[PDB]
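Shown here is one chain on its own, the form deposited in one PDB entry, set out as C-alpha cells.
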C-alpha cells in the first residue's frame, strides 16, 4: 500500500472550427472522484471540408487518453480512495482511413 494524503481543495468555442468537431457528454459516477467527467463525442462520422460540407472519405475519430481517477475504497467511503486508470475521449481529430 502506497497511502498518501490529498487535500481536495484546488489551489487558486475555439475548436468549433475543427474539421472534426465535437460536443461534450457528461459522464457521472458517484463512486469516483472527479464524479463528473466531460468527454468529447465527434459530431460527424466524416470530416468537414473547405465548403462546410461533410466528406465521408475521411473520419472524425475521438482521441482516447488514459487518465487517473480516484475510486472510493471501501465503496461509498467519503474519505478513502484507490488510484485507477480510465480511458476518456479528450477531443476529435480527422484521419485518413487505412
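Shifts are known only where both forms have a C-alpha. Numbering follows the first chain given and starts at 1. Note that the rigid core is defined as the largest set of C-alphas that superpose within 1.5 Å between two forms.
We do not show the form deposited in another entry, though everything after this point is about it.
The two forms, fitted on the rigid core, differ between this form and the one not shown by less than 2 Å at the CA of residue 55. Remark: with the core as the superposition reference, the CA shift of residue 76 between this form and the one not shown reaches 2 Å or more.
Mapped along the sequence, displacements between this form and the one not shown of 2 angstroms or more at every C-alpha, sustained over at least 3 residues after core alignment, occur at 1-11, 14-16, 73-80.
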